[PDB]
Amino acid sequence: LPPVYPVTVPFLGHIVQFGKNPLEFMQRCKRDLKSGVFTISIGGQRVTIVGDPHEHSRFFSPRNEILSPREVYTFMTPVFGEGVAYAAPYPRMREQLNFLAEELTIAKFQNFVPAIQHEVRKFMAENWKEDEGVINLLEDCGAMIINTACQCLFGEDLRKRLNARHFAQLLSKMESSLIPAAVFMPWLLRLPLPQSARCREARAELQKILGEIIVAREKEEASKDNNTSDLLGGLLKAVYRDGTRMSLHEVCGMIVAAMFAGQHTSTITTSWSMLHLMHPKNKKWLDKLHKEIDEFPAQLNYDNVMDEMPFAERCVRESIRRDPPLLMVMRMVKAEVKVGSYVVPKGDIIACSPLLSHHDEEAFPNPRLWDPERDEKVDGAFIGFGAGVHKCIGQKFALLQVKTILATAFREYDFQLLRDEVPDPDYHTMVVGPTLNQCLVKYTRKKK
């Protein structure tokens, strides 16, 4: 019932083309097969891709039992470790998930904007020192966000310890971790992974060491001199539902994950956004962005970013729309499911691509055009943050981070993209972002 693309090489499959260009390969699969839904073989494994925006509801709705993400996202354990992310089943993953959620509440967001905005201005005075100057944005942002993410989630104690090493190293230690065309084949990363074997463990060291000093540093007990409800402190104090406590190797793995989600996708998104806004073709938009923020005070607050920054969010979302950081959302088909006229059978890897769907013509016309005031012409087409049972729970914070950054930066600077056109998407990484070497930019301080 479901279609399949022709397989020239049986064992390798289409992983050759998909790697060279996944956007044009998938669009070519969809176009030639003459169907939104289709199947491809990656390493003797049927991968059914949903390219029809109207059928998104089929993909994202079903429960974990019908479509499981665990056994497809096993490739991620080398990055966090054991007992983190999709290593545990529902209960323990839900347990850690709600530890994160506990730190991401409507109440705790009151600190975030002041905390973020301070950290930005700090980094800005630290790295962008002269009135003018040249610096590549992707790496400078990667640092920016590592502070703002850490400051909000883990608090003031860590942002301090990590410093110049995490400012650039944890950034790099994470930038390093990325690996392409291995997810579909989890067998490859097992024996010979390129660096994540050393980098994740080397990364694991630096924070295991500062995880051991933290007991000797603060009083933080019965003096009530600081009401610390941060993530880490509570994360190593925490006990699971089954009685067992967090391991030192585990809490380390969590701190890594929280920072990954808080930084990697957000920094990509922060960059794309700025790149688009500083282009000359989008001056009409940049002008509009200033009309929005120019009446704010120096000290922004929660209400300013949430309630009073509509267009900035539009720019951020459309940037995530055009070049979605996560290409392929995937599930293990542990039970049959109807998807339009076809059926997808048990045992398959069913997947849905934000990249593909965001470039569907009906939903998004002239999809390569960054138009922040556009809207999804098909409902539920945009899946940048996913949807359904596994919808991103960090969407608020991500948008808060980015919008705040944009507000703080563009208020006190002007940027000149040292290129004719905007950077290409570097699809070498599965976690996609603008091409590193194309991101060189002249900053220019603003003065009244």
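Start at 1 and count along the sequence shown; that's the residue number.
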query	finding
Selected stretch [higher average CA B-factor]: 381-389 or 35-43	35-43
Stretch exceeding the other in mean C-alpha B-factor - 183-191, 118-126	183-191
Identity of residue with top Cα B-factor, from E318, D140, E308, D287	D287
Options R245, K108, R217, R322 - largest CA temperature factor per the record	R217
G433 CA temperature factor, ranked by third within the chain	lowest
Third of chain Cα B-factors occupied by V339	middle
Within-chain third of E313 by Cα B-factor, per the entry	lowest
Relative C-alpha B-factor of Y302, binned into the chain's lowest, middle or highest third	lowest
Third of chain Cα B-factors occupied by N136	highest
